[PDB]
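Right, one structure below, let's go through it.
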Amino acid sequence: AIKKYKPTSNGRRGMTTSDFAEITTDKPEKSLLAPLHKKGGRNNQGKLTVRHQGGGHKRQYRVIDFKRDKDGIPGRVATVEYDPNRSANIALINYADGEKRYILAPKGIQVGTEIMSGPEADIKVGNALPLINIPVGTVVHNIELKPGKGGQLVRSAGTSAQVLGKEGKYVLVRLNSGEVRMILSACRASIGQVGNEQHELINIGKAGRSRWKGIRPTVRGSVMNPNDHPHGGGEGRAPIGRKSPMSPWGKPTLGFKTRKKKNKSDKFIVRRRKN
Amino acid sequence: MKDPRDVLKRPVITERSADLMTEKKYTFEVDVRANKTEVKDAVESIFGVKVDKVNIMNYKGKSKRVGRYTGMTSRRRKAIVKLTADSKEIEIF
Amino acid sequence: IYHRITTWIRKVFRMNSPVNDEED
Amino acid sequence: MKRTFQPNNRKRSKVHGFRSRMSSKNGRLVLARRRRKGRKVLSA
RNA sequence: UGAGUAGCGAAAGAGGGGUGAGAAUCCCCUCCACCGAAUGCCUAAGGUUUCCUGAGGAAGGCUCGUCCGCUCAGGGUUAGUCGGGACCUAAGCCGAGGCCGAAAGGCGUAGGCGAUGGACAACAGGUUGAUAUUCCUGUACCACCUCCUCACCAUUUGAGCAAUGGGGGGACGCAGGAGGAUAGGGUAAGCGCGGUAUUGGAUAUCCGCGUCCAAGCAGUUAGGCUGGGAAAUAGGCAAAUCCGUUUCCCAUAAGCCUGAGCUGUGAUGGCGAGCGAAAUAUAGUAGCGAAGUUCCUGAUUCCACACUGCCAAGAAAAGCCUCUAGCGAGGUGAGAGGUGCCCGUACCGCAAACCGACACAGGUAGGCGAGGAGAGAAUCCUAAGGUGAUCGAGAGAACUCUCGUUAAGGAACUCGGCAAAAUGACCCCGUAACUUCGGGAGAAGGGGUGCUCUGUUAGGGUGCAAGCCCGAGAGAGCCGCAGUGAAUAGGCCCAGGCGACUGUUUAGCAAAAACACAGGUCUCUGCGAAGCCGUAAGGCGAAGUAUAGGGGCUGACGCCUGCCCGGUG
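Protein chains in written order, with my numbering: chain A, -9 to 265; chain B, 26 to 118; chain C, 83 to 106; chain D, 24 to 67.
Have a look at this one:
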């Protein structure tokens, strides 16, 4: 849910926050906590490769085995916890081994529900089983690109994916925004789209909340001096007279493909740019 | 080397030190690299007196210009050994 | 008593506002 | 008002120390220029 | 030369004596003045003796000078417990082999370095011309070691030590609100003082003082454990009677861990108002020494990020608590005996001992920071503690500056109500257009607050009472021009352009109609990324994953955002 704030002040006029209803416990387990030094977007050389990063609130990583390498062992969802690091909520799950591992949380999961990581596991949400056993068209999340590497795909909240069908090599998958790839059939994946779909609807409502993110402000390019930016110079709000809108780096950004025309992944691209 | 006897330099003759003579303690200059543990073995050998609580102090040198030519004083390091009760002094003698 | 004495002088600088206006 | 000279011995030592120059060949060149001229006080 | 002209560096001094060739400026005494949420102290940074005593004084003192942070002679910082190192770790850095690079070198494991953090045992008075949670007089505490003294045990059926290993714990955000107690202030009691000649007080008079720690011991404010016992264990690289997990038993508290600060012990000790010698090298100490209670008031401190709430969910490791692996022939449990090192300790640190060429109206963490009024670290006046802030004398011109005043008028001044004036303190009455319904709104516009009595009020705080306090409401009265009388604590009503706002910007001419922001939109990016920093390796993005990131454009919100792909991409 979304709790709208009354406009007691100018920053209250638009700001909104998620219900946090999924959250159960105020604190993370100590055993899986990890440090997160903030690079600030700087290179190891010390130069800032990425613009407007850092200055945000301190964060502490929770260990999360997306790989789910263990199998045949039933688990249980004890608690759910907020994750500063990403839009997706974290749900702690207690294994029958007594092992504990934070895991990505699809919506509609209930506390105490059983979850098997094995191939023989049921389709029921929260389970993760290999693509060969997956029925066509079922929603899937946290898909790995290769086995044992972890599921880079579909980690953010509210994202989803669907299977168009499968061969022995490779299983088809609908990636978000309609793109398709022949992901390896042996590769593991987890059924059920990620929760916290309401995160997109959240409104920041003030400059101050952005500082906590912390999203540093970005100067408009025309305002910038001509030496610093291609669109700079002029006598007040200079027209984008220069041919082809441009990044401060020389490559054009509006409609210009940044793809390498030759790539190993090009064979896997059955479909591209549905818009 | 090493020997206790060479550790000492000269006694510190000051009005502040003469008052300490009734305190059963006697100041002596000591090598800068010497430790308190070494000084305790020196009095027990040279004087033969039992040793209690030894204190040691270092001093940065003061400037002592001679005409155009300024020059830092050498860094003295006196030590204060509080001798045990009932023990004859060998100082001045 | 040696009574040695030494004197030191330095040029320094500088300002240049220069506060000059016109003709324009 | 605040001025450029705000002394800190740890900074003067870490930055302008003899080993700060020993750390790199260029600093060794600085020491070499320091010694060829016969300076009484090398480094800082 | 300008010149004996500018300046003499914010902001109280006066007198008496003393020293001396020389005294406004030095010293002492008596008044007076200024700071006192400091111009007070304590300690970093940094300075590196500038501290102290005895002398000198030509130069350095915006002036003389017997005086100096000056110039000369000696003298002065004392630590197992304070800070740091013989403990740890963060950012970051170095970095065996190694990954790369014409060379030089770059990158980065293992490992190490590195506090601004975590761990850690000593507190009260005294002492010098100084340095004192270091020296001293008391009481202590931690760690380690047995020529020792007792007590308990066990000889691989093994008394115990128990890891570089596994867990536990350490271990952490912001805001707010009750509570307990205390560092501190004041009242009644108590003890030492003085009867004051300026009218009047042995009197509800006056002045001054009103106590004391770490600890070894007992319990208490109260919080936290969510429960403890038994059995079973695909796990926590091997193992585990440890943890985690599972299943039952008992759950309204037996039990588990931590507490500020209190009562007696620490103390038949010393602080203490005041007396104040011999005299010594006549400073002024030695030395003597009373009461030492009670109530009110109490935090910004502590219990403690304990509790509640919230989002932006908020370090790392060791010291510790346990577990086994593993070591074993003498060990444990308490007393005595000893050991405990290396550096920093002076002074200046709101400043004449530093940043500033100066003995410069500026700049410099943090920790203590009182009283009367007051909401208050506002303001004014005063304690504790300092400061007489180092060129002056006297005339009382213009003129310049800092201010106070102003007859009749008012913004007729001026580019412009610039500057100045006025309003402003609490309680009460009352309050419009407009609006996103929050605002606007201290709207505007008015009234009352000084003193006395009925009134140790009505009502509350604490207390057995006694008492101390917080205190309206009113009535009657008294006065003055005056009444938050001093001092500081908004001037408003409108009408339009631009910009949502807070915020940011040219330090040192321009702070804004500029920038930014949330939002809106386009485009690109499928992870070995698009974009990058780099010859590369590596790394950022990212311990991310199209509801996520990069770039362009537009700027909250409301109504909207039309047509054109010929040309240029």
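Backbone N, C-alpha and C define an ideal beta-carbon position, used for all residues, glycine too.
Coil, strand or helix - residue i by DSSP
i: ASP77 of chain B; result: strand
i: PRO64 of chain A; result: strand
i: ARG42 of chain D; result: helix
i: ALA179 of chain A; result: strand
i: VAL91 of chain B; result: strand
i: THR39 of chain A; result: coil
i: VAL53 of chain D; result: helix
i: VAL68 of chain B; result: helix
i: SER167 of chain A; result: helix
i: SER(-1) of chain A; result: coil
i: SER77 of chain A; result: coil
i: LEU65 of chain D; result: coil
i: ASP87 of chain A; result: coil
i: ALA43 of chain B; result: helix
i: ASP31 of chain B; result: helix
i: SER99 of chain C; result: coil
i: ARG58 of chain D; result: helix
i: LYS34 of chain D; result: helix
i: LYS61 of chain B; result: helix
i: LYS48 of chain D; result: helix
Any non-hydrogen atom of the ligand GTP closer than 8 Å to residue i Cβ
i: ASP55 of chain A; result: You won't find the ligand GTP in this model; it holds no ligand whatsoever.
Nearest-angstrom Cα separation, counted from residue j out to residue i
i: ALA(-9) of chain A; j: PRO109 of chain A; result: 35 Å
i: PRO242 of chain A; j: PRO220 of chain A; result: 11 Å
i: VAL101 of chain C; j: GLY223 of chain A; result: 29 Å
i: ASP55 of chain A; j: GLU19 of chain A; result: 15 Å
i: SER36 of chain D; j: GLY195 of chain A; result: 49 Å
i: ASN117 of chain A; j: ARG164 of chain A; result: 19 Å
i: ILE173 of chain A; j: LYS60 of chain A; result: 21 Å
i: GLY245 of chain A; j: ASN215 of chain A; result: 25 Å
i: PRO120 of chain A; j: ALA24 of chain A; result: 29 Å
i: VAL40 of chain A; j: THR149 of chain A; result: 26 Å
i: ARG91 of chain A; j: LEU54 of chain D; result: 57 Å
i: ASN253 of chain A; j: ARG261 of chain A; result: 15 Å
i: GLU157 of chain A; j: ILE124 of chain A; result: 12 Å
i: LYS136 of chain A; j: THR15 of chain A; result: 34 Å
i: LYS85 of chain B; j: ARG58 of chain B; result: 15 Å
i: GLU169 of chain A; j: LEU154 of chain A; result: 11 Å
i: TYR51 of chain A; j: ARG76 of chain A; result: 10 Å
i: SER47 of chain D; j: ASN34 of chain A; result: 19 Å
i: residue 343 of chain A; j: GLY45 of chain A; result: This structure gives no information on residue 343 of chain A, because the portion of chain A shown stretches from -9 to 265.
i: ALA147 of chain A; j: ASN217 of chain A; result: 40 Å
Counterpart residues of residue i in DSSP-defined beta bridges
i: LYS50 of chain B; result: B:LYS107
i: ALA24 of chain A; result: A:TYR51
i: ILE173 of chain A; result: A:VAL161
i: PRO36 of chain B; result: B:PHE53
i: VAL260 of chain A; result: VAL260 of chain A pairs with nothing; no bridge assigned.
i: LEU82 of chain A; result: A:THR69 and A:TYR92
i: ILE(-8) of chain A; result: A:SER8
i: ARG32 of chain A; result: A:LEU38
i: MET97 of chain B; result: B:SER88
- Query: Listed from N- to C-terminal order along the chain, which residues in the segment 81 to 93 of chain B have their beta-carbon within a distance smaller than 9 Å of any beta-carbon of chain C?
  - Reply: Those would be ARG90, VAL91, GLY92 and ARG93, in chain order.
- Task: Any chance you could list the beta strand (DSSP E) runs of at least 3 consecutive residues sitting entirely within the segment 92 to 153 of chain A, in chain order?
- Result: As far as the segment 92 to 153 of chain A is concerned, its whole beta strand (DSSP E) runs of at least 3 residues are 104 to 106 and 118 to 120.
- Query: Given a limit of 8 Å on CB to CB distance, which residues of the segment 88 to 101 of chain C reach chain B?
  - Reply: Within the segment 88 to 101 of chain C, no residue places its CB atom closer than 8 Å to a CB of chain B.
- Message: As an exercise, report each continuous alpha helix (DSSP H) stretch of at least 4 residues that is fully enclosed by the segment 174 to 255 of chain A, in chain order.
- Response: Here the runs fully enclosed are 197 to 203.
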